[PDB]
Structure formats: C-alpha cells, structure tokens
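A quick write-up on the structure given underneath.
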Amino acid sequence: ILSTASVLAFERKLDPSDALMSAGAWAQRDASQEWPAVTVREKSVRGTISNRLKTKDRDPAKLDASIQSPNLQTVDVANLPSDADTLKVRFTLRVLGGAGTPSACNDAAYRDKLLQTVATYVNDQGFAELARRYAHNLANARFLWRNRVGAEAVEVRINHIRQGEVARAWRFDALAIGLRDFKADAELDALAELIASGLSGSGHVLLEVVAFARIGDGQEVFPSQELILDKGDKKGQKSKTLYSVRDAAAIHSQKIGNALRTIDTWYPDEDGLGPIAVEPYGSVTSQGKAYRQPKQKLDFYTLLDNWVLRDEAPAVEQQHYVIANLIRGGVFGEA
Amino acid sequence: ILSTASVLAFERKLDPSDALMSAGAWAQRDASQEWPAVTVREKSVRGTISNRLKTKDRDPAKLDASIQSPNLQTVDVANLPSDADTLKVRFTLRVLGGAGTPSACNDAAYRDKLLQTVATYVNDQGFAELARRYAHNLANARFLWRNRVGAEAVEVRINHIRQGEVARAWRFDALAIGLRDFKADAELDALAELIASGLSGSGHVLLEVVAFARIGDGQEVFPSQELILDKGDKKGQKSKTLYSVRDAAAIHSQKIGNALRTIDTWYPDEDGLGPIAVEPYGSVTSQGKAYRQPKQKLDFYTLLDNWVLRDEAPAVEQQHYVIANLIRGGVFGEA
Amino acid sequence: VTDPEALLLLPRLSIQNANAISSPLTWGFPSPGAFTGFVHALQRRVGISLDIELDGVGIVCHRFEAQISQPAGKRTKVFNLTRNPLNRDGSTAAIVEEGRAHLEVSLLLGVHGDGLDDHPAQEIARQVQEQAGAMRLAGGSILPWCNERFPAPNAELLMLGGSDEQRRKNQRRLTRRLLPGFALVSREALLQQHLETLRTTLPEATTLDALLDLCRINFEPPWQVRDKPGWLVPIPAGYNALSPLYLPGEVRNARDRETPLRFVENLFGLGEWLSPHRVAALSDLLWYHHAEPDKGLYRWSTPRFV
Amino acid sequence: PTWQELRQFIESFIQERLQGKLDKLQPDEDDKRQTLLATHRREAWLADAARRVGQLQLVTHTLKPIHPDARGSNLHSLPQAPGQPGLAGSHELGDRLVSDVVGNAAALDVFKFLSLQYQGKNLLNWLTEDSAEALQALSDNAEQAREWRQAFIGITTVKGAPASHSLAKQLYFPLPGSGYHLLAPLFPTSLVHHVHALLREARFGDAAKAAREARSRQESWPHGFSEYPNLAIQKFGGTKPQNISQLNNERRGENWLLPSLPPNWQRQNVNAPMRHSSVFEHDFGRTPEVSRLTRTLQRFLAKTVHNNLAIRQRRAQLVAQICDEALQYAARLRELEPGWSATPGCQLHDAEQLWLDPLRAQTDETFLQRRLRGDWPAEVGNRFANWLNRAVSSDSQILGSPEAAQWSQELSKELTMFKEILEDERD
Amino acid sequence: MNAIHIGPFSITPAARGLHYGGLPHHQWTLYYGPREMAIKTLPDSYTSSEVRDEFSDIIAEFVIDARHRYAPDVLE
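Residue numbers (the numbering used here), protein chains in the order written: chain F, 43 to 377; chain U, 43 to 377; chain G, 4 to 309; chain B, 150 to 576; chain H, 139 to 214.
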C-alpha cells in the first residue's frame, strides 16, 4: 500500500555559517579582511508605560503611580563605531547536493519511491528554478534582516572557494535586485548554474558571501538575539542579549537559512506580500498566519503524500516547493 | 555434547580514544600540534511548527494559535572559526592481541573448541581480510561521519607508535577511497599487515589516526551528540547537547568504533547501503531495521554455534563476520 | 600485609571511560577494589614472569572528569548515556543507566620478591608499564600517550634505603613526581570514632548515619557549617557475605566453574583525599586486599597508614 | 488473640478490594459483577492467592537493577555484622528494614495480604510461628491451612537454584593463600530505599524545610539541616520502573548516588599570573578552596580557648591544608608553558618566579638555571606566611594571651616544612 | 494563570506564553509594588507552590536586605 516511513529525516543542504559582522568604511570594502568586529556592548534603558492596559489600571491614580516609578533594564546593543558607516557581514554557504536521499528512513521501499520521485523531477525539471531563487536570495541581502531596511547601498560579494582559492567572483548590487521579483541576469544565471551543480551532486560548491551595507556612522546594527529565561537582579535586569561568538557580533546560521529559503511565491494566498520562507505549513512568525494550511491542499505534507505515495504529481511550482523543502531538510515523518 | 557457555564475553579489540576535534588551515596540517581546539558554544533557535499533524489540530485557528506561540530551544553548536577551513580529528587506536580469546567462559571444553576454531581461522586465512577492511575504514574518514559528507578534501595520516616514536607513517586520500568499495593498495596492505599482527600478537599495536577535512571556512562541525534523557521533567531543557573533553569538542569512542566496524558487506539483504557495522543481529540505527535476522541462518549467534558446536563451518564471508564480531566483542551466553 | 621492598610509580594514566558509579550508594571516582584488582591482574599477567609480587596500590588521581550534566531546575545531576544498538526487530533496547568518567591517575605499586635482584629496575618497570598499557583499570581503556611532547617512564624506587636521609629524599622525590593529585586512603578509625561521637550525641545510631554525617554539609544554628577533617568521601569498602560459599560447579551461569561463588553485598566505608606530602611514607598509601573468607568481609583498605 | 477478628479483617480487606475493583470497572451489565464476586469474595480467592504467592518473592537484595534481561536468583538475607570497625552496610538495617517485592505486577495485592496489622503485628511473623489463632482464621480444614501457610511463607525463601546470570556482575577476589572467590554482588534495594528515605527527610522534610526557612530568615532554630550537593540520579527502569521492583516503583528510578568525588573533579583551568604583583594575594588566593580555608581560619582565630589545644591541633591541620594547596598550585604550574616566566613585563613577581616556573632551567642553560640552584629559594613561603598573616583575626585578645604564641609556633613549624619542601626542588 | 500575592509581593505572569524547549512556558514577574525584582521563565505545568519556591530565594534575600537596611540603632 506504500505507507510513508515513520522517520524521514533529511539533512540540511545549503549549509550556512554564523555570519560575523565587522565594521568599516565604504570604498575601503575591497580590503575588508582586517576590519574590526562589531562589539556587543551594554547600555541602560528607562522603560515608560506604553502598552495596552487591562481595564483595571486605567484609573489615573495607579497609572500615575506606575509612571512615577518606572522600570530600568540593561540591553545588549550592537552599534557601528562613530567613524564606520559600512556594516560587513560574512558567512560561508555549503551547497551539498543529494537532496532526495534522506539521512534516516524506516521504510526502504518508501525511500526507493521518494528517490524515484526526485529523480523523475530532476530529469523533468532539475534544480534550475530553485537555485535561481536561492541565488536571488543570496544576491539581495535578505540575510541582512533589519540591516537592510534603511541601508543606503548594499553590495553582496560571493566568491566560489575552490582548493582554498576563489574560483569565480560575483558582485551584486543588492538594492537593484528586489526582495520580491525573481528576474534574470547573466551573473545571477551563472550563480544559479553553480548552485545547480552543487545541488545535483556534480560538484562541491562552497561560497564566501560578504555583504556591505551603508547604515551610517555609529548606527545600531541588528545581529541575532538570544533568549533570556531569567532577568533577576544579580544580572542587572538583562532584557536583551545579542549573539556573539568571540567578542564579535554575529547572526545565527538558521536566520541566514530562513532568509535564503524565502523563495516560496506559490502559496494559495495573494503574492502581494512576496515570497515567504520555505517551511512545512508555510508559516511566517511575523505575519502570525500560516500560508499553505493543511486544510487547503497545498502544504508540503499533503503534496508529498500525493506526489510520492499515490503518484499524484502536483504543479511545477508546487513540486518546486516540495523539492525546496527537501533541500531545507527536517524531521518529516509521523510518530 | 558441547553445550554453549552460559557466560561468553569478549574484550573490545580496536578500542579507540575520543576523537579530539581542532581547527586549522589546509597545507598547515604538518604543524597541527598547536592547532586550537573546536569549542562547543550555546545558541538560541526560534523555529516554527513543521512536524506532521494527526488530523485533530489541522484547523486553521488552532494552527495559527500554535504558530502565534513562539517555539524556542537552546542548542549546543560546534563551529569552525571564521579563519580555519580545516577540521582536524585525532584519536589513538589500540589493536589488542588475543582477538579470539574470550574474557569469560563457563565450559573449559567450549573454550578449547572456540580457541581451536579461531586458531584454524588464523591458520587458514588469518585476520588479513578483516584487518584490510579495518585499515580501509581507517583510511577513509568514516569516523568523521557528517564531517565527511560535504568536505572538499579529506586526508588521513596514521602513525604507528612502537615505543615513543613514529615507527611507520601512512598517508591516505580519504575521498579517493570509497565508503563502500574495499580495494587493494600497497600502503593499505601494509596497514592491514600491522593490524593483523596486532590482532594475532600478545601485546598491542598503537596507532595515531588524524583526519583533516576541508569542510569550509567557519562551517559547522558535527561532534557526537550526548544522549541525555529528559526523564519527564517540568522545566524545559536544551534540545541539543554536544560532547567535549576539556573545552575541546570530541566524538564518542563507540561512534569511532562503529565507523571502524562498518565492514559487513555480507548480510543477506541487498547492499544498496554498502557496508554496515558489525553487530549481533546486524542492527543499523540509521535505518531502524535489523539485517541478519535469526530466522535466517546468518545471525552471529547461530553462525557461532554452527561453526563451533556442530562443526558446520560457514562460508568465508560469514567466518569473517563472526571473527569481526569477536574482535568487536559483546556479552553473549544463554541462561 | 607486608612491607614493600620497592615502590613502582606507574605514571599519568588516562583511563577513558571508567565506571563512575562506584557503588549502589555512591558515584564519582571508581572503587579502590578496581585498582587493587588491576594490580593483581598485572601481577597475574606479567608479575609472575618477572619473579616479583605486586601487592598494594596508591592512587593519586591527577585529573577527574565526569560525563554528567545538570538539568535545568534541579540541583542534582544525571549521567550522559551511550546509544546501544537496536534489537533484532529494529526497536530501541531497554536503557541501563551507566555513567562514565575520564580519569588520569598514577599508581604506586608495592614490589617484593627475589626478581628485584634478578633484573634491572627500569627493565621490570618498563615490562609492567607495557603490560598495563593494554589493560583496563575501572572499565575504561588506558590511553598509552602517543605522539605528545614528553612521555613519562616509571621510577621504581627501592624501599630498602641504605640511610634514613637517602630514603627520605627518595620518598620526597617520588612525592614530587605525583604532585597534582590526592592520595585516597581508608579511614575506618575516623569513621568508627565519629560513630562513637554520634552515639554519645544520640544512641542507636548506625554506621550508615555516621558515614552520611561525614559527607553532607551540616548547617548549625547560632548559621555556620560544621567542619570536616578532610575531604571524607563515601567509598565502597569491600563486600560482605550474603550467602554461603557455594561449590565451584554449584552456581548456575558463573564466570568459571572452577572458582567458588558467594553472593555479596557492598560494604561502605569512609575514604579521605589528602595531599600526598601529608604522609610519613608513600607505602602508607598502598591499598591492600584483605579477604577473611570464613566471615565474608572481602575488603580493601590502606593498612600501615597511621 | 481470637481467630474471629482476623477473619473479620481479611473479609473486610477482600470486600474493600471487591468494591474498589467494582468502582474501577464501573460495570452495570454483561454479568461482570458475578464474575468479579465469584473469584474475590470467598476463601477460594485465598486459594487463588496460593497461585499468586509462588510467583512473588520478598527480597532485600535483587539482581534486576543490573541489566533487565538477566534472570538470576534474588535472595532475602541479612548479612552478618562485621567485627572490623568503621564500615557500614545493609547489616546496619535492623528493625528499620523494608523488604522489596519482585515478580508480577498483578499478584502484588497479596503482598498487603501478608503485610496487614490485624492483631498488632505483621502477618508473616504471625505465620512463621504455630500460633493458636493461626491456621484457623484462614482455613477450616487443617491440611489446607498447612499448605496455605507453607505457600504464604515461601515468599521469603529464595526459589530455584542459586544462580547469577551472565549479565550480572561477577568479580574475582584474591585469597591470601592461593585462591579466588567469584563474589557476584546484588543490588541492596532495602539499603538504597533506606538511604533514599533518609535523603528525602533531609532534603524535603518539614523540619528540614523549616530549618532552611530559618536559615533564609537568618534566625535561630532548635535543629539544623543539610544540603547534600552534587547528587546523581540513576534511573533503572527506562519507562517502566514497576518492572524493576516494587520499591523501585515507590521511588521511580532515582538511585540518588552520593558524591564520592576527588577534590580535582572540577579543575577549572590553568592560568599564568603575568601582570600582577604577588601570586598568593591575587591569583592563588582567589581559588575557592583556599577561600574557604581562610574564612575557616578567620572563624577559628577569634574563638574561646576551652578546647584550645585540640582546636589548635585542628587549626594546625587547617593551616597545613593551605600550604598543601600552595604546593598543589605549584603542581598545576607544572602543567603550564615551560617559559612563561621569561616573558616581558613591568611587574610579574620575580621573587616568586624561581619557584613558579621550574622548567625555565630547561629553557635557559646558564641565564637562570644556576640561579635557582645557587639561591635555593625557600623564603617565598615566608612571603606566603605574610599572606597567611592576613588570614588571622585582628583581635588584641589573642595577642595579649598565648593564642598568638601558639599561632606563631604552628605557623613557624608549617612554613619550616614548606621551606624544606621548596629547598629540594632541584632533585 | 493568576497572580500569587505574598504580602506586598505580587507574582504576575505575562499573558503571552512561549514554548521554550518543547513544553509551553510563561514569563513570570515578581513585583514589590511598582518595582520588579525577578523576571523568570517558568513552565505552565508548574503549580503555584513551585512558582512561589522559584522566587522564594529572592524574596528571602530582599527580606534580609530590608532587615539589615532598616535595623534600629543599638545603645551599649
């Protein structure tokens, strides 16, 4: 009857690194390997009452009593120096390949059927649209999440590292390449072909991606931020903690991965928002609403159980979404 | 009547040390004694729900409420430094003598019959094929596991330490030697001769196995994840924990031993995977399925009672599997 | 049971995965019975061929690391486990919680016999070192120090000193060799006198409660802490009889049918970790077997300590 | 005394079990009440209990904590009290003994049928004697009473042959003259349950929590408390602790092992004091062991003299520990770089540097190798004694009395030993 | 759930619930009037006694600091 396997664990293709952010100046970004790293320093904030009240403290006496005695916090803040306007963010991506093969599989016949499904996909339409959209999401600096929203000029340099040497260099203007339109460019098509060769298993692709963004002298940059379980008083009301590896601010690798996975333009809702991150049940935490819900038959799990188990091949864009989920990797499979 | 011994236990021959993981640059592998160790750090992840739903929480309201609650974990991560593209993995292997000699045995007659069976095995063909496969699994860096998957170049240096000096240095290209083909090479045959002399000897043979993998600059290395049971505690814990010895990431010795024992290419199922680890009842944890079942006459216990008690000597491949189990060890014996 | 004619210093030995659960009541550093059994296995394997006897072991414990973790919200600890192989039906087997520890210990071995006059000291020292480099000490493999900077050979020092000052200088040099560690000794007299002190404090108090009081941190109201003479760990002090000594072939599924088997219960005593410069002689630190097989009581101790 | 009250109590017990299983089943049809009362309402249930007492076993030491696929002989035996002093065991458990139950998870009801208090005592000790009220309160016939008494008292005696499985531990012990004993150990579940109960009273008892609150309020209390740090949890049953034993179902896993740890079990790091003025007051003194030792000396310096010399003996032992740690500090200074003392610096405590780095004599052939041999630096401990003079209390009552004289005497003796230790570093 | 009132102390939870680890969690806040002293993330499976015992150490520390801060003067 070809039941799906209990474990269908997939490895993560397009493996990113922790994107370290340093600081420097524009027109000195060619020699940027000596640039000093952005430090995660500390500062204090005085938080006034600016949230919605619960229709019990709305009296003026208790509101003025709370406002008379406010609350102080210590925040980890990452800023550029006052003589550095350009933020540099550096990470290495590793395009592995073999996306159809899962790492763990309880059923051998289901693994064979999934391998045949991915093989028939690659024979029909290989990793050409997917690698084009991944090269798009690398070309615009979407991994600069809040470091791109007010940036004057963003430039992305991607170097193909072969035997410790740069095999091929790409230099993209990340503001010209939009965050919502997947157009065509010759250098972008070359990068798409390189990521296609990496994903097909025909070559080993490692890329060094360095993004330079003009934010401003001393402007606050936005690295990854850590969860804080306890604030307390021994720790001086630590409300925000940013991520750093060794006295050097950085973004998490999975944030770069989520920004790179933002290729899904084929969800059943309108594409006026643009692409969303590739995920089962197409979930966006900022929107708070699942595109591709399990009720409307267009999510990853029902499309995979139709494409593989019952040989119901979906549309070309939907099978692009399914193979993009397979590239993303996960703990797909029931209990 | 030659009853089986009710206790029958064997020492772990080829017992490796914990695979110490450090970082450096390629073509600096000669001066790798001062390479800084890979340190396991902590980081925070905010994912979204992407597991299978069991048709009771697939309504959009409950699913959107589950997305609206943020899913957070703390994970132990090991990364290379952003100026070191090579991961060095170093361990020490002791090939112990008396491979067919059990630690415990009830019957003196069964001990004499088992020693005579092993002695006829050494007089017929020796440990030559088994040590060839062990030298293969040392020669390709299967003990790197997920560090071996997307590496540009893996090179293994194996040094025989006789008294206090390198008696013989072997150098192997780990990517050229496949994970599934056991071919013939002169250096591999010399390493096989040394390991087989260590198995046939009375003392031990000491080897230093170092593997350099060109994973990529700043990439994510994969040490052994520690098996910690949550035990149903109320407080949420870190989902992923790693292994280290002293501020220095490491792989467990049993994982290196499992990679070294991945020589079994004689199981009755098809060898689409290739070699599996030498286990009683052929258990593979990555598949959830156990080959060499006792309902067939190819599990280790029935093969041992046929070879020893009833004098039904199996095929040479199954004799290799049985002696590979004896080198592997284990606790056997019916009640 | 005898004064050693010589002391052999096995150097820093890195035991990889030693049994961290020393006893049904204690965890941490392994049993001294493991060390005494290792020295008796060394005498069984290479001691007889060298015409020497190896009795008495002094443990220094230069480094200890426990493969443990502290879960959030609890002040206790749990043992990190190993993934056992699956069963024949592909399911996960039942987990037996076994803890592991990375040790680095150096051992003082009491050597007596005529073979000390028949061989050079470095020859028998190197022979027992290369025998011990392929053995186990508490369930863990011994790392035999490959490709580091400077390996450490033994130093067998004859305890029959020509002069008292030369013997004193030899013992102080041997103590200086095993410096970053703590000698683990047995404290039956201290535990017994603390039991008598508690019995004067409160009657019908067992030796278990006196052992427990010497390990917990007692808080006294005026809020200070009741002090202890030393580290005062709870050690497994041996094995007491739980059954009559059956015949060698009587017990079903025994390890061998030539050795008599007797079911036992763990004996718990008080041990102390001291800096090894606080001893009169390094032969006091030797852990000796003491069977007394008619009454059970299969103990290991440090006789001739104080 | 009378058999009638024992009969009333056992009939009340089986009626309580009948109404409990009737409330648990909640059956209103399908004749389940008749089938429930046809086997657990009369003496035949006792006969059914005769089918259940042979399966169960009352033990004090079991093998099933060792690997649960092992089938050995679990035995109930109290070990003899050892004549040698200063060691404990399960022999210390006298009347404070709880006997573990092994076997099926359904026959265990009859365990309370052997653990009631009808006449004021446990019924196993009532059935171990041929009492007048015994053998009549449970059976009208004599032979049925005899076989029921034998089957009910057989839960204590070990069943089967004496055996220990392969997965159980067996450990050779050398005899004094030419022999070995195999010595298979069993898990003392009664002793472990007693220790776990004592730790439960120590850590979660009402009096212990009240003393903890009194410590938190910094007020007085008639009794103290304990903390038991660094405990370890060892769960035997993975997901079914009831399959191990009944006492392991009472404490679900949770072996609660005591911390038998060496003092170097939490070695933090080794650090080189480069840009600092004195090692004892800046880097060595900030370690927690000598911190607790210095607070202990501060507490013991300003104290009464009623136990004086004995306290002074303890004080002498106390002060010995500190110089021990100094040697231990120098011991981990053997684990550092060979030539850290030759690095550039304005102030790096060069007076102590002859003893801080003994390996620089290998680095310099004659620049500093002969300096430590000719100088023989043993005055550095006197500098440490100055730091130890900051460990004493600033009380004029000690200086006026001979307490300062005894403190100076034991200080001079222990730094004499320290200087003699530092003298022969060249060998 | 609801606030825990220990004298002048109020342990009030955030209305939002997080999912630290896999289990749901809530950020519980301890106030002495308008001033907060400890914000701690605690599971939703915690009872009121466990939430009280989590902040009991900081409560006792503040009580000790108030005793040693407003102690009356001593005449000898």
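From the three backbone atoms N, C-alpha and C, an ideal C-beta is built for every residue, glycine too.
Residue i, enclosing alpha helix (DSSP H) - first and last residue
{"i": "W297 of chain B", "result": "291-302"}
{"i": "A228 of chain F", "result": "228-241"}
{"i": "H206 of chain H", "result": "186-207"}
{"i": "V131 of chain F", "result": "Not the alpha helix (DSSP H): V131 of chain F falls in the beta strand (DSSP E), residues 128-137."}
{"i": "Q296 of chain U", "result": "295-302"}
{"i": "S557 of chain B", "result": "552-572"}
{"i": "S161 of chain B", "result": "152-174"}
Within-7 Å CB hit, residue i to chain F
{"i": "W68 of chain U", "result": "yes"}
{"i": "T179 of chain H", "result": "yes"}
{"i": "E197 of chain U", "result": "no"}
{"i": "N121 of chain U", "result": "yes"}
{"i": "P210 of chain H", "result": "no"}
{"i": "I109 of chain U", "result": "yes"}
Chain U within 7 Å of residue i, Cβ atoms only
{"i": "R532 of chain B", "result": "no"}
{"i": "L161 of chain H", "result": "yes"}
{"i": "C149 of chain G", "result": "yes"}
Distance between beta carbons of residue j and residue i, contact taken as under 8 Å
{"i": "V131 of chain F", "j": "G142 of chain F", "result": "Contact flag wrong, Cβ pair sits at about 32 Å."}
{"i": "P322 of chain U", "j": "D306 of chain U", "result": "At roughly 11 Å, the Cβ-Cβ gap does not stay under 8 Å, so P322 of chain U and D306 of chain U are not in contact."}
{"i": "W504 of chain B", "j": "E574 of chain B", "result": "7 Å"}
{"i": "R444 of chain B", "j": "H343 of chain B", "result": "The pair is not a contact, with the Cβ atoms about 35 Å apart (cut-off 8 Å)."}
{"i": "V49 of chain G", "j": "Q125 of chain G", "result": "Going by Cβ atoms, the distance from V49 of chain G to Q125 of chain G rounds to 15 Å, so no, they are not a contact pair."}
{"i": "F133 of chain F", "j": "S64 of chain F", "result": "Actually they are not in contact, since the Cβ atoms of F133 of chain F and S64 of chain F sit about 12 Å apart, beyond 8 Å."}
C-beta neighbour in chain G for residue i, strict 7 Å
{"i": "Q279 of chain U", "result": "yes"}
{"i": "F374 of chain B", "result": "yes"}
{"i": "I91 of chain U", "result": "no"}
Minimum Cβ-Cβ distance from residue i to chain B less than 7 Å
{"i": "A198 of chain H", "result": "yes"}
{"i": "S325 of chain U", "result": "no"}
{"i": "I149 of chain H", "result": "no"}
Identified DSSP bridge partners for residue i
{"i": "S304 of chain G", "result": "G:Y291"}
{"i": "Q73 of chain G", "result": "DSSP lists no partner for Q73 of chain G."}
{"i": "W166 of chain H", "result": "H:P151, H:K178"}
{"i": "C147 of chain U", "result": "U:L50"}
Bounding residues of the beta strand (DSSP E) (the contiguous stretch that carries residue i)
{"i": "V49 of chain F", "result": "Premise fails: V49 of chain F is in no beta strand (DSSP E) and is neither H nor E."}
{"i": "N121 of chain U", "result": "113-121"}
{"i": "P239 of chain G", "result": "236-244"}
{"i": "residue 1 of chain F", "result": "Since the first residue of chain F shown is 43 and the last is 377, residue 1 of chain F is not available in this structure."}
{"i": "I62 of chain G", "result": "56-62"}
Residues near residue i in its chain [Cβ-Cβ closer than 6 Å; skip 5 each side]
{"i": "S313 of chain B", "result": "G221, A333"}
{"i": "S244 of chain U", "result": "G139"}
{"i": "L273 of chain B", "result": "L263"}
{"i": "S74 of chain F", "result": "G66, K130"}
Sequence-distant residues of the same chain with beta carbon closer than 7 Å to residue i, five excluded per side
{"i": "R481 of chain B", "result": "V419"}
Same chain, Cβ closer than 8 Å to residue i, five either side skipped, listed in chain order
{"i": "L284 of chain F", "result": "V82, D118, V119, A120, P265, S266, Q267, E268, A291"}
{"i": "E403 of chain B", "result": "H345, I382, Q383, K384"}
{"i": "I570 of chain B", "result": "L476"}
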